[PDB]
Amino acid sequence: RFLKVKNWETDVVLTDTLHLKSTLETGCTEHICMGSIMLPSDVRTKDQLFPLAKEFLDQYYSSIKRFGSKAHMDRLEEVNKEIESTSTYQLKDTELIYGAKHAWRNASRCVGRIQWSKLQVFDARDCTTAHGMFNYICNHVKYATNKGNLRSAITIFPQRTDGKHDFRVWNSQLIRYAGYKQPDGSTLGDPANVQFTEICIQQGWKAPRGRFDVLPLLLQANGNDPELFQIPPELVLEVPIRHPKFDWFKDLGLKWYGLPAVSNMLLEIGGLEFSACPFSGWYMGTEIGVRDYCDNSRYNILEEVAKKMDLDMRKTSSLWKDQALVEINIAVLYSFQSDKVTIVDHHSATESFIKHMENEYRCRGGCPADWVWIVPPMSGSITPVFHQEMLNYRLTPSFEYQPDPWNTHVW
Amino acid sequence: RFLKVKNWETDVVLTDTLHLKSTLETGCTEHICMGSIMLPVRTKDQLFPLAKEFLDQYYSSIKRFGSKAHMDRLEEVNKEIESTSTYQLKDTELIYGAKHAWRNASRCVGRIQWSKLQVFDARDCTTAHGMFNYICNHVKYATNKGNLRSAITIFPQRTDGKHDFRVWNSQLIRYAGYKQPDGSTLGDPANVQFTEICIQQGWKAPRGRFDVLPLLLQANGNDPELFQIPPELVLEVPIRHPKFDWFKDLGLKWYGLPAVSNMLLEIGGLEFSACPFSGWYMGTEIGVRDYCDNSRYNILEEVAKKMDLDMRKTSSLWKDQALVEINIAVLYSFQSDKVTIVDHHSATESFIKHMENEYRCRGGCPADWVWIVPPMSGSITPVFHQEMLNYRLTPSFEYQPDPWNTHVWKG
Ligand code: HEM
Ligand code: HEM
Ligand SMILES: Nc1cccc(CNCc2cccc(OCc3ccc4ccc(N)nc4c3)c2)n1
Ligand SMILES: Nc1cccc(CNCc2cccc(OCc3ccc4ccc(N)nc4c3)c2)n1
Ligand SMILES: C[C@H](O)[C@H](O)[C@H]1CNc2nc(N)[nH]c(=O)c2N1
Ligand SMILES: C[C@H](O)[C@H](O)[C@H]1CNc2nc(N)[nH]c(=O)c2N1
Ligand SMILES: [Zn+2]
């Protein structure tokens with residue numbers, strides 16, 4: 001039970017002991033593996049909270065080489081007393097930064113984790129209003145965008161108290177394109193965002209009804225009704241998509257935004273639940289070119305591109321979809337690189353992740369990793385992660401999924 | 001207890017109850033997922049329950065459960081076990097078992113075909129020469145002048161583990177590989193170790209780039225013997241590209257018949273250690289893995305050079321572009337020569353239909369996402385978006401150790 005993972009391309013064997021620190025559950029059993037299920041899975045009682053805090057503070061003081069020290073025991077006692085009285089507790093800034101960086105470090109589905117320690121943490125726990133949230137988010141977007149030299153960042157709004165006063169960003173990402181159902185049956189814009197684009201309109205948002213309309217922010221503070229805000233356009237950096245060989249590619253009229261900023265997850269540190277914690281990095285090209293542009297349930301541009309390439313679209317075995325998919329992804333990378341906007345291709349990112357795995361096994365004893373999500377959605381087996389065995393287990397602090405607010409909110 | 005899987009592209013939800021019939025273990029636990037691990041002399045004691053379970057399944061399928069034929073057969077097997085320590089399957093039971101081992105193969109995307117398997121009973125075989133004759137007839141039947149037919153040939157079951165029948169080849173038809181003194185490899189790197197054993201056993205190697213390996217066959221626990229498959233039985237396809245006239249000059253060819261020969265077939269507790277089976281290729285097995293794995297023929301560089309791509313930086317996706325062209329050439333060559341092949345779009349679409357049908361008529365379809373998703377263009381195939389449950393059912397195909405590591409040499 002000191003498990004080993006083999007890379008079948010290189011025969012490198014790593015030994016994993018970190019999984020024995022794991023606490024939460026995978027969803028699998030000895031009789032059935034749920035590793036391809038998208039998502040397995042109210043306030044914390046006074047009891048379950050102190051063990052959670054103790055375990056977190058134990059690993060925090062170990063990381064600063066002060067395990068079993070005066071400061072350690074004192075902080076343990078201090079939090080112990082705060083919980084006994086207040087039925088919760090507040091993190092020190094140092095603890096908050098550590099917790100957020102390690103929630104990313106532990107995100108087994110994230111291929112970009114070699115960067116985990118270079119995370120800018122914005123403490124927004126003093127925020128009280130949607131207008132305040134808007135201000136914090138604009139500052140985040142501007143800092144992270146950095147005129148195309150993207151920088152990772154997270155903004156952490158106040159923690160859940162009793163489930164009635166939740167801070168929530170209702171958008172799934174800070175920047176996403178609208179989607180509208182057409183009278184004929186098709187969809188203009190992003191089909192993934194049709195219900196959200198409806199809620200915004202069904203809320204007051206005057207939609208331009210374009211193909212790439214930046215959605216408004218929909219911000220919930222202290223559990224009140226959410227509020228619409230328009231992100232200043234000069235803060236939304238966008239890349240027009242063109243192809244270094246094909247001039248007609250520009251004519252397609254495609255663009256995408258530079259900042260991937262996920263805003264609907266829940267950050268758990270020491271038992272405390274941060275329901276509003278938008279975070280951002282930079283794109284891997286396939287997220288746009290493969291999934292955003294070519295998923296059948298998204299922009300689904302594959303037919304158009306192949307047609308303009310004059311490919312034989314009559315039989316699947318001509319691999320016209322594969323041919324078009326590559327060209328699309330060459331264009332995305334070329335466009336971002338041309339406009340000096342940070343982006344990583346899937347070969348670079350998976351090579352980086354293999355090196356990160358080696359680092360984590362060496363300096364930490366392991367790295368939880370979800371093969372189903374780490375292997376890119378194109379050209380899987382020519383990237384080094386395809387041939388890498390991975391162990392998936394759930395460490396804390398962590399980012400977790402949470403329900404969509406409009407299914408919960410007492411309106 | 002019921003379980004649901006969701007297709008996130010179509011929102012189709014399916015309900016699995018078949019996992020309740022699962023006996024064997026997955027390797028996972030509630031605290032770790034081993035879903036990406038490649039690999040996670042039975043006694044009288046444990047054998048009759050395994051037989052009973054199989055015969056219950058068998059007689060259920062023919063709608064004779066609890067019949068006099070069912071009960072008599074159970075008695076007959078029981079007495080045969082207690083008296084002879086093992087038992088013999090009827091021909092009907094063997095055919096059923098072999099088909100269901102394929103039906104239960106959670107890593108196999110081609111299972112829509114499972115009920116159309118030609119089963120060759122080779123349980124009367126006694127020598128390696130007899131094995132050679134049985135395998136030649138299998139290859140001729142399966143090849144069928146390019147109109148491939150699925151087949152399996154089943155040699156005698158294990159007795160005391162000291163008299164195993166084994167096919168030492170990993171596949172019936174495979175190309176030799178030769179490590180050169182300068183560190184380079186001629187032929188197929190995947191087969192260097194086996195090629196060496198063959199050469200040691202007296203095989204005169206042509207030392208070419210595409211040399212069909214000899215069969216190395218072990219009967220009744222004796223030392224294995226070498227045989228050369230008649231070249232007229234080995235159907236091969238020269239690889240050319242439909243637009244690139246220079247592709248032929250790469251000098252590539254591949255064999256037509258994929259015939260895995262190193263797995264163990266388990267039926268009712270009986271172990272068939274030699275059970276070669278064959279179907280037909282999905283194009284990506286050759287074009288992605290065989291040709292473009294860095295640890296295989298690895299022709300990506302040559303193809304990319306002859307296409308004159310930007311090979312300086314990976315973000316030009318020269319590797320991705322060359323991969324698509326190679327896979328176009330594989331499918332084009334096979335189809336032009338009327339040798340059965342299936343592209344990864346057709347094969348995955350069929351699997352989804354198979355899987356839905358299995359959920360309807362059987363209550364489930366165990367499936368290993370990590371293996372079902374093709375090694376290129378993963379997300380533009382429908383299985384990428386399909387949730388799957390993996391669990392172990394019997395009859396089954398299992399891995400077994402390579403014989404050269406366990407064999408006791410006679411001299
Ligand atoms: C800096 C560059 C980064 C890159 C290239 C990157 C890349 C990726 C990719 C490709 C995925 C798969 C998601 C999908 O395919 O839709 C992913 C997932 C994820 N990323 Fe990273 N990421 C980066 C930064 C970050 C940061 C800064 C955080 C948090 C602070 C983070 C947290 C996560 C999490 C939690 C997931 C998995 C979500 C889930 O469980 O479903 N990532 N990332
Ligand atoms: C009829 C056409 C067939 C096609 C197109 C097909 C396709 C495939 C593919 C692509 C794989 C993944 C293997 C890899 O990528 O290395 C696979 C796995 C497998 N196939 Fe099928 N197959 C076919 C027939 C069969 C037959 C006839 C059998 C047995 C009688 C079989 C049993 C298996 C098994 C047991 C595995 C899992 C191997 C493992 O766990 O390593 N297949 N198949
Ligand atoms: N309908 C629904 C509803 C719920 C869940 C899903 C699953 N749907 C996949 C998904 C959902 C949410 C986020 C996500 O992405 C994660 C992510 C996180 C950080 C990143 C940082 C940088 C970067 N470049 N990418 C990142 C991606 C995937 N679907
Ligand atoms: N280095 C190592 C060492 C140990 C184990 C492995 C696993 N190595 C993958 C593998 C091994 C053997 C066979 C195989 O293939 C399965 C298969 C079965 C039937 C097929 C029918 C048709 C078709 N087209 N393909 C089939 C593939 C995969 N690797
Ligand atoms: C590490 C991982 O288990 C291994 O590389 C697997 C991944 N998925 C695969 N899928 C298929 N079809 N064939 C393979 O050989 C593999 N290899
Ligand atoms: C069915 C499957 O769980 C689902 O489609 C997953 C598969 N792998 C993925 N991998 C990444 N990186 N992102 C995804 O959204 C998904 N989707
Ligand atoms: Zn699992």
Side-chain angles (χ1 to χ4, degrees), chain A residues 3 5-6 8-9 19 22-38 285 290-291 294-297 302 316-319 321-323 325-326 329-330 333-334 337 343 345 347-348 369-372 375-382 386-394, chain B residues 3 5-6 8-10 19 22 25-38 283 288-289 292-295 300 314-317 319-321 323-324 327-328 331-332 335 341 343 345-346 349 367-370 373-380 384-392:
Chain A
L3 303 162
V5 287
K6 173 167 174 178
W8 291 88
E9 206 191 320
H19 74 280
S22 168
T23 51
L24 290 146
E25 290 184 345
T26 59
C28 308
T29 71
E30 316 90 339
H31 298 267
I32 173 162
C33 175
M34 299 214 152
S36 70
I37 303 301
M38 176 90 71
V290 182
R291 304 303 314 284
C294 294
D295 271 12
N296 278 315
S297 56
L302 266 184
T316 66
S317 48
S318 81
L319 306 196
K321 294 198 183 183
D322 314 68
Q323 221 146 31
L325 184 75
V326 177
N329 281 268
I330 290 172
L333 297 170
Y334 173 74
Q337 292 171 347
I343 190 164
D345 66 79
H347 304 289
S348 196
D370 182 340
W371 194 101
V372 169
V375 172
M378 69 184 272
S379 306
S381 66
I382 52 166
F386 183 94
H387 310 264
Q388 177 70 56
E389 290 182 339
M390 295 168 194
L391 290 170
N392 194 30
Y393 48 92
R394 319 222 314 110
Chain B
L3 289 170
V5 295
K6 182 185 185 187
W8 289 86
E9 185 165 67
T10 68
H19 71 283
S22 154
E25 271 143 32
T26 65
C28 303
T29 71
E30 302 82 9
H31 294 88
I32 198 161
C33 175
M34 309 248 294
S36 70
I37 309 291
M38 185 117 102
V288 187
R289 309 299 314 285
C292 295
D293 265 29
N294 288 327
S295 67
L300 278 182
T314 70
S315 51
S316 80
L317 310 195
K319 265 188 187 184
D320 310 67
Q321 268 188 307
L323 180 65
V324 171
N327 276 271
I328 290 184
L331 298 166
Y332 173 75
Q335 292 163 358
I341 198 171
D343 67 75
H345 305 285
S346 172
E349 170 170 49
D368 188 333
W369 193 103
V370 162
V373 171
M376 66 182 297
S377 303
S379 62
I380 52 169
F384 182 96
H385 308 275
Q386 178 65 63
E387 284 182 351
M388 297 168 197
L389 295 172
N390 194 21
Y391 47 90
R392 297 214 98 275

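Atom set for the values below is all heavy atoms of this structure, side chains included, hydrogens, waters and symmetry mates excluded. Naming: A, B, ... by sequence-line order, numbering from 1 per chain.
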At a heavy-atom separation under 4.5 Å, does [X] approach chain A through its side chain, its backbone, both, or neither?
{"X": "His31(B)", "answer": "both"}
{"X": "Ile37(B)", "answer": "both"}
{"X": "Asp343(B)", "answer": "side chain"}
{"X": "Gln335(B)", "answer": "side chain"}
{"X": "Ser316(B)", "answer": "backbone"}
{"X": "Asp293(B)", "answer": "side chain"}
{"X": "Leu389(B)", "answer": "both"}
{"X": "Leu3(B)", "answer": "side chain"}

Between [options], which has the largest tally of heavy atom pairs under 4.5 Å with chain A?
{"options": "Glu30(B), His345(B), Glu9(B)", "answer": "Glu30(B)"}
{"options": "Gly378(B), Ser315(B), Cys292(B), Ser295(B)", "answer": "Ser315(B)"}
{"options": "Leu331(B), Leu300(B), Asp368(B)", "answer": "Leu331(B)"}

For a 4.5 angstrom cut-off between non-hydrogen side-chain atoms, does [X] reach [Y]?
{"X": "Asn294(B)", "Y": "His387(A)", "result": "no"}
{"X": "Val5(B)", "Y": "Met388(B)", "result": "no"}
{"X": "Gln323(A)", "Y": "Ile328(B)", "result": "yes"}
{"X": "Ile382(A)", "Y": "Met376(B)", "result": "no"}

I need the minimum non-hydrogen distance between [X] and [Y], along with the two atoms involved.
{"X": "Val290(A)", "Y": "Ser379(B)", "value": "CG1-OG, 3.0 Å"}
{"X": "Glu387(B)", "Y": "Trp8(B)", "value": "OE2-NE1, 3.0 Å"}
{"X": "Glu25(B)", "Y": "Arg392(B)", "value": "O-CD, 3.4 Å"}
{"X": "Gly35(A)", "Y": "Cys33(B)", "value": "CA-SG, 4.1 Å"}

